[PDB]
Amino acid sequence: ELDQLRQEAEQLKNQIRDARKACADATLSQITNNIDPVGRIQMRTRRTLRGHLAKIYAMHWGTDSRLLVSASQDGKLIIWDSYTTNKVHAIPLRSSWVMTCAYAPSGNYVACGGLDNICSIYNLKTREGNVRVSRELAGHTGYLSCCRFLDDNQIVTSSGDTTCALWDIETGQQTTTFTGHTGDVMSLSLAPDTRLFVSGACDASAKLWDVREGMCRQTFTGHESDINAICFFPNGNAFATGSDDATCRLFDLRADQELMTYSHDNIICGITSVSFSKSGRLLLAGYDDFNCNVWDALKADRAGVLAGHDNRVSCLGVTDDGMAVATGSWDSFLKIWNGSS
Amino acid sequence: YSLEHXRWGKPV
Amino acid sequence: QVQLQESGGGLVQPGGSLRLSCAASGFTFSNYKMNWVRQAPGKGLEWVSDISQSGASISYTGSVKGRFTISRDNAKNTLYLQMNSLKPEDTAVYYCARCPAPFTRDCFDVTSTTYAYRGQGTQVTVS
Amino acid sequence: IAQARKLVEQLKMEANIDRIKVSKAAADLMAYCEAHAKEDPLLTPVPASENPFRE
Amino acid sequence: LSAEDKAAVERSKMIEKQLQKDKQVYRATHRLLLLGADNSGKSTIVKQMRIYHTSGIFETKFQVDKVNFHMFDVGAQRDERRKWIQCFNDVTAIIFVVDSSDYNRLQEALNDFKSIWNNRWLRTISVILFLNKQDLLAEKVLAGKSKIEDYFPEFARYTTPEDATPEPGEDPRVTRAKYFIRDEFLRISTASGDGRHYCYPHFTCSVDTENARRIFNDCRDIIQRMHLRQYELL
Amino acid sequence: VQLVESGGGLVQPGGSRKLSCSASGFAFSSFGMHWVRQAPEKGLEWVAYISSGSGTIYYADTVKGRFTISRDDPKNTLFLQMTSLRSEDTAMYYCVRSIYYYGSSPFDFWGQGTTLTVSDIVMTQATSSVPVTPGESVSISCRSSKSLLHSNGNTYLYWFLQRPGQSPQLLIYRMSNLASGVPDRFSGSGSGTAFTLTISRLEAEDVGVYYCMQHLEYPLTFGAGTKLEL
Amino acid sequence: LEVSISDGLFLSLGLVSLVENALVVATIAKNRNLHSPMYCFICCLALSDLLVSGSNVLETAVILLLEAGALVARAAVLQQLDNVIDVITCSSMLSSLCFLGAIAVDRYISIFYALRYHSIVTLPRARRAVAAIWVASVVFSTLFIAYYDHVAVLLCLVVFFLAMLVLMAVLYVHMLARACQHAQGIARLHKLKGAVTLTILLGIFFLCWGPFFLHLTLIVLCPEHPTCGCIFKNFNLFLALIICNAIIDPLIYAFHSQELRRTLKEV
Ligand SMILES: [Ca+2]
C-alpha cells in the first residue's frame with residue numbers, strides 16, 4: 001500500500017540523512033580557513049563576439065579552446081574563432097527556439113535543440129563544405145535543455161521531459177533512458193572520465209548517473225529551488241550547482257553532501273550558468289542580474305564579478321585550456337574574459 | 001575684412 | 001531537502017471548519033510565496049489560495065473567498081488554511097504548494113500535475 | 001504505487017553508498033586546487049604575451 | 001595577417017552579411033506565443049489562420065497586410081511552464097486564449113494569465129486576450145443553469161461598464177458576463193507593469209475570420225505604445 | 001564533390017578561351033576557387049584565386065593583366081577568361097576549390113583539368129626524383145626562401161600528390177595536418193624554412209609527383225615536385 | 001534692447017555644446033548596440049551640433065585673436081577663411097535641422113508604420129539619407145555663403161526652416177494624437193506627458209532656431225527699418241540660442257534613452 005511505501009521512503013531518507021550527518025565531521029569552510037584568500041579577480045573582456053540576432057541560451061568551447069559554438073533563439077548556431085573573433089560557421093536552425101548546444105570533443109559535430117524536442121546533430125566536417133543536419137534525435141517528449149557529447153557517436157541529452165537520454169547518433173535511438181527525476185531536467189555536466197554525469201532538474205535535486213549502468217547512483221538535495229546549472233569540479237569527484245534559490249552549492253560525490261553554499265544577501269536572483277576554472281579554485285556563476293560572480297570554491301568568497309553584460313546572462317563556458325571564460329547573455333553579445341599580470 | 005559672427009548679422 | 005508535510009485534514013460535517021497546517025522545512029520559508037492547491041475526486045488540480053512571502057498580500061478563488069483564510073507563520077515555517085464553513089464540494093486532497101522561486105510574484109507550476117515543491121497532500125472529506 | 005516502490009528501491013541503492021568523510025573530501029579538493037593552481041590561467045593570470053586573447 | 005587568416009576574415013564578413021540579411025527578416029517578422037488550456041480552442045484559432053492567412057513547438061506563420069507573423073503554439077511540453085516560457089521574452093505578444101464558457105476552469109485560466117503577466121521575463125511582453133467560445137458563453141448565460149456568482153461572488157456586485165459595446169441583439173446578461181470575465185483578467189493586467197506592457201482583450205469565436213486582423217491591430221498598437229513610451233509621449 | 005573543366009583545346013597565340021569549371025555536389029558559393037596550371041612536363045603553377053563571394057581576386061604576375069577569373073555561383077560554375085594567350089600558357093589547367101576558416105583544408109579537391117595548347121617565394125624540392133621500393137619509409141624534403149611559420153603559429157607547408165594520370169590530391173595542410181581521405185602513412189614536419197613529408201610504408205598508390213606549396217602569401221608558389229618511381 | 005552676448009559667453013556655450021555632442025557621438029560610436037537607424041540619426045544630429053558648436057567656437061576664437069592683434073591676415077586670405085568657416089557653420093546648421101526632421105520621420109514611421117518599421121527604415125537607407133543630407137547641406141551652404149548677398153538665398157533658407165518646423169510639428173502632433181488615442185484606450189480598459197514632451201521638442205526647436213531665421217526673414221523685410229534694426233542688434237543672442245539647441249538636443253534625444261546614460265557612465 002502507498003502509505004507503507006511512503007513510510008519506507010521516509011525511513012531510507014532518514015538513514016541517508018543520518019549517514020551524511022555521521023560523515024559530516026567538518027565543513028569545507030573550516031578546512032580552507034587556513035588557505036590564503038584568492039585576490040581580487042579582474043577579467044577584462046578581451047573579446048566581444050557579435051552577430052547573433054537574439055538572446056543566446058547556450059555555449060560550449062571546443063577542446064581546442066579556440067572554436068566556440070553559441071546557440072541563439074535567432075535560430076542560428078555560430079562557430080566562433082575566439083582568437084580572431086571570426087565567424088567560422090553560421091548554421092540555420094529548423095527551430096528558432098534553441099536552448100542548448102554542444103561542440104563535440106573532436107570538433108567534428110555540433111548539436112543543438114530546444115522547444116522542438118529534437119536534438120539536431122550538425123556535421124561541421126562535411127565534404128560538401130556546408131554544415132548539415134546529420135541526425136534529428138526525435139524521441140524526447142519535452143524541450144531539450146542541455147546536450148553534451150561523450151564521443152562522436154554518443155550524446156547524452158536532458159529534457160523538459162523529466163528524463164535524460166544517451167543516444168547513439170549512428171542510429172538516432174536512446175541506448176539508455178534516465179528517468180529518476182521529477183522536474184524538468186535543466187543542466188547536464190559530463191564527468192572528466194565521461195563515465196558519470198550529474199543533472200539538476202527543477203526538483204532542487206542533483207542526480208549522479210552511470211552512463212553505462214543506466215542508473216542513478218546519488219541524489220544530492222541541498223538546493224531550495226530549480227537547479228538551472230550544473231558543472232563537475234575538474235577532479236570529477238565534486239560538482240557545483242546553481243539554483244533559482246540564488247545560491248550555488250558544491251557537492252562531493254563521495255561524501256554525498258553539500259560542501260559549501262555560495263550565496264550573498266545582495267544576491268536575490270537565480271544562477272543561470274556555472275563553470276569551474278581548470279584548477280577548480282575559481283567557481284564562476286552567471287546570474288539573472290546581468291553579471292557573473294567568481295567564487296572561491298574553497299572559501300566561498302566573491303573573488304570578483306564579470307559585470308559587462310546588459311541582459312540576463314545565460315551560459316558560461318571555461319576553456320579546457322583555462323585561458324578564458326566565455327559569457328553569453330540575452331543581449332545577443334558573447335564576451336570572452338581573461339585577466340592580466 | 002570685418003569677420004562677423006555667423007552671416008547676415010547686419011542688413012545689406 | 002524541500003519537503004512540505006501538510007496536515008490537519010480528515011472527516012468533517014458540512015458547515016464545520018478545519019485548520020489545515022503545513023510545516024515547511026529546508027527552503028527558507030519566508031522568501032517564497034505560498035499557495036494552497038486542491039484536487040477534488042476525478043477533478044483537475046485546482047488552486048484555492050495564495051499568500052505572499054510577507055503575508056501582506058492574499059488571494060482566493062472566490063468559490064472559497066469568504067470561507068477560507070490563508071495564514072502564515074514565518075518564524076515557525078508553517079503555512080495555515082483556516083477553512084471555516086465547509087461544504088461537500090470542498091471534499092478533496094489538499095496540497096500545500098510552494099512557489100517555484102524565491103521573491104517571485106508569479107507561481108506558474110503550483111497546479112502542475114507533477115510539481116516538486118508541493119506537499120504529499122491532506123485528505124479533507126466533507127460528509 | 002510503482003513510483004513509490006521504485007523510489008524505495010532507489011533510496012535503498014543510495015543508502016548503501018560507502019560515504020567518505022567531508023574533511024577528506026575537502027582535503028582532496030584543496031589538494032587538487034593546489035596541484036593545479038599554476039596551471040590555471042584564471043587563478044594566476046598568464047603573461048600578456050602568453051595570453052592568446054591579447055598577445 | 002596571413003593570406004589564410006585574411007581569407008577567414010573575409011568568410012566571417014560574408015557570414016556577417018548573411019546574418020544582416022537574416023537580421024532584416026528577423027526584424028520584419030513579428031513573433032507571437034499562443035497560450036491557452038485544452039478547452040481554449042487555440043487549436044481552432046490556429047486552424048483559422050492556417051487556412052485563411054513528439055514535436056514540442058508548433059510554428060504557424062501567417063501574413064496580414066504584408067506583415068509577417070510567426071505564431072508559436074506550445075506543442076508537446078509538460079504542464080510545468082516556468083522554464084520554456086522564458087524563451088518568449090522578445091516576442092511581440094502572447095495571445096492568451098480563454099474559454100469564457102468554462103467557469104470552473106476560468107479561475108485556472110486567470111491564475112495562468114496572472115503568472116504569465118507577473119513573470120520577470122515577460123514583464124515587457126504585452127498579452128492579446130482571446131476571450132474565445134463566446135457562443136458557448138452566450139448559451140450558458142441564456143440557458144442559465146451555470147451561475148457565474150457560484151464561482152465569482154463579485155459577479156453579483158458587478159455591473160456592465162459604460163465602455164461596453166455589445167453587438168445588437170445581445171442579451172445584457174451575456175454582455176455583463178463577458179465583460180465581467182474581461183475585467184477579471186484586466187484587474188490582473190492593471191495591478192502591475194508600470195506601462196511596460198499592456199493587455200488587449202477581444203471577444204472571439206471559432207467562426208471569426210477577423211482574429212488575424214485583431215492580432216495585426218494589437219501588434220500595431222503594442223509597438224506604437226512601446227515607441228511612444230520610448231519617446232516620452234506616453 | 002565534382003569539378004569538371006571545359007573550354008581547353010587548340011588556340012592560336014594572341015587568341016582567347018573561356019575555361020569553364022562546373023561545380024556539383026558541394027556548396028560552391030562557400031568555397032574560394034583557384035586555377036592551377038601544369039605545363040606538360042613541368043611542375044604546378046598557381047594562376048588565379050577568386051574568394052567566396054568574389055570579394056578578393058588575385059593573379060600570378062604571368063597572367064595578372066591578361067587573365068580574369070570569374071564565377072557564377074547561381075550556376076555553380078567558375079570561369080577563367082584567358083586573353084593574349086602564349087606558348088607559356090600551354091598547360092593542363094586544374095580547377096581547385098579552397099575554403100578558409102580555422103581548421104579548414106584549402107586545396108582539398110582538384111578537378112580533372114582541361115588542357116590548353118597554344119600553337120615571390122621559391123619552393124625548392126632539391127630532389128627531382130627518388131627511386132623507391134614498396135614498404136620503404138621515404139622523406140621528401142622541401143625548402144622555402146622565407147620562413148612559412150607565421151606569427152599565428154601555422155607552419156604553413158602544404159603537400160600534394162599528383163598520381164601519373166590523376167589531378168593533384170592534398171595530403172597534408174599547414175605543415176602537419178593530414179587530409180581527410182589520406183592514409184596515416186603520410187606525416188609532415190619542418191622548421192618553417194625547411195620541411196619534410198614522411199611516407200612511412202610506401203604503397204604503389206603512393207607513386208607519383210609530390211608537390212610542396214606555400215600559402216603564407218600570394219602569389220602561391222609550388223615546388224618543382226619530387227617523383228617517386230616504384 | 002540688446003542682450004549683447006559677448007565672445008566669452010559665446011565661446012563658453014560653444015565649448016560646453018562641443019563637449020556634450022562629442023560625448024553623444026563617442027558613446028554611439030563605441031557602443032555598437034547604438035548602431036541602429038534612430039541612434040544613427042541621433043549621432044548625426046549630435047555631429048551636426050558638434051560641427052555648429054566647433055565652427056562657431058573657431059569663429060569667435062579667430063575674431064578674438066584678430067582683435068587681440070595676434071593675427072594679421074587681410075583682404076582675400078581672411079575673407080576666404082570667414083567664407084569657409086561660415087560654410088562649415090551653415091552646413092552644420094542645415095544638417096542639424098535635417099536630422100531633427102529625420103528623427104521626426106523615423107519616429108513617425110515607427111509609430112504609424114510600426115509593423116513595417118524595420119522594413120522601411122534600415123541601416124542602408126539610414127546611411128543613404130545621412131549622406132544625402134550632408135551632401136545637400138554642403139552644396140546648399142556653399143551656394144548660400146557664396147551667393148550670401150542674394151535675397152533668394154535668405155528666402156530659401158527661411159522657407160527651409162519653415163518647412164522643417166511644419167514637418168516636425170505635423171509629425172510629432174500626429175504622434176501625440178495617436179498617443180492620446182492610446183491613452184484613451186488605456187483609460188477605457190483600466191477604468192499630458194506627451195503634451196509636455198511635445199512642448200519641450202517644438203518649443204526648444206522654435207525658440208532656438210526661430211530667432212535666427214526671423215532675423216534672416218527681417219533682412220528681406222527690412223534692408224532699412226528702425227524696429228527691425230532692434231532685432232538685428234540681437235544676432236549674437238540668436239547664434240548663442242542656436243548653440244543652446246546644440247546643448248539641449250543631446251538631452252532631448254540621446255540621454256533621452258537609458259542606454260546612452262549607461263554608455264556615458266561607462267566612459
Ligand atoms: Ca562669418
Side-chain angles (χ1 to χ4, degrees), chain B residues 2 4-12, chain G residues 2-18 21 47-66 68-73 75-97 134 137-158 160-161 208-220 222-223 228-229 231-247:
Chain B
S2 308
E4 297 179 338
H5 256 295
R7 287 212 83 72
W8 314 286
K10 296 181 188 288
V12 183
Chain G
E2 189 192 338
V3 180
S4 74
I5 289 192
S6 299
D7 281 289
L9 174 58
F10 198 120
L11 180 49
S12 301
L13 293 169
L15 287 165
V16 67
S17 54
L18 193 83
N21 287 298
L47 181 63
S48 302
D49 298 342
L50 187 82
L51 271 65
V52 165
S53 56
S55 187
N56 308 0
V57 161
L58 179 65
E59 183 169 40
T60 176
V62 163
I63 291 167
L64 281 165
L65 273 291
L66 181 143
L71 181 148
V72 302
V77 300
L78 182 60
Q79 183 273 358
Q80 287 292 279
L81 175 62
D82 185 41
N83 205 264
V84 72
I85 201 164
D86 293 339
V87 168
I88 298 164
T89 295
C90 188
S91 174
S92 59
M93 286 184 182
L94 285 175
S95 307
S96 178
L97 282 164
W134 288 115
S137 189
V138 173
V139 170
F140 282 108
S141 297
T142 52
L143 176 75
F144 293 168
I145 303 296
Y147 288 79
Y148 82 95
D149 59 357
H150 192 218
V151 168
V153 165
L154 289 164
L155 184 150
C156 184
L157 181 53
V158 169
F160 170 76
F161 165 76
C208 295
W209 295 114
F212 177 85
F213 296 98
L214 182 70
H215 188 305
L216 277 67
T217 308
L218 266 60
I219 297 166
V220 180
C222 294
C228 280
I231 290 165
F232 304 152
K233 312 315 177 181
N234 287 280
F235 188 63
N236 281 15
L237 175 67
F238 307 165
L239 290 180
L241 285 171
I242 286 178
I243 297 169
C244 295
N245 77 43
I247 303 173

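Note on naming: letters A, B, ... go to the chains in the order of the sequence lines (proteins, then strands), and numbering restarts at 1 for each one. First listed ligand is number 1; within each ligand, the first listed atom is number 1. The figures here come from the full heavy-atom set of this structure, side chains too, leaving out hydrogens, waters and symmetry mates.
G:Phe238 and G:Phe235 have perpendicular rings, their planes meeting at more than 60° on a 0 to 90° scale where under 30° would count as parallel.
Residues passing the ring-ring contact (aromatic ring centres under 6.0 Å, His included) test with G:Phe213, sequence neighbours excluded: G:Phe161. Partners of G:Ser95 under the side chain to side chain donor-acceptor pair (under 3.5 Å) rule, at least two apart in sequence or in another chain, are G:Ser137.
For G:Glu59, the N/O/S atom at the shortest distance from the Ca ion (ligand 1) is named OE2. As for B:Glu4, its N/O/S atom nearest the Ca ion (ligand 1) is the one called O. For G:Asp82, the N, O or S atom closest to the Ca ion (ligand 1) goes by the atom name OD1.
Side-chain contact between G:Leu94 and G:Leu157 is present, with at least one heavy-atom pair separated by less than 4.5 Å.
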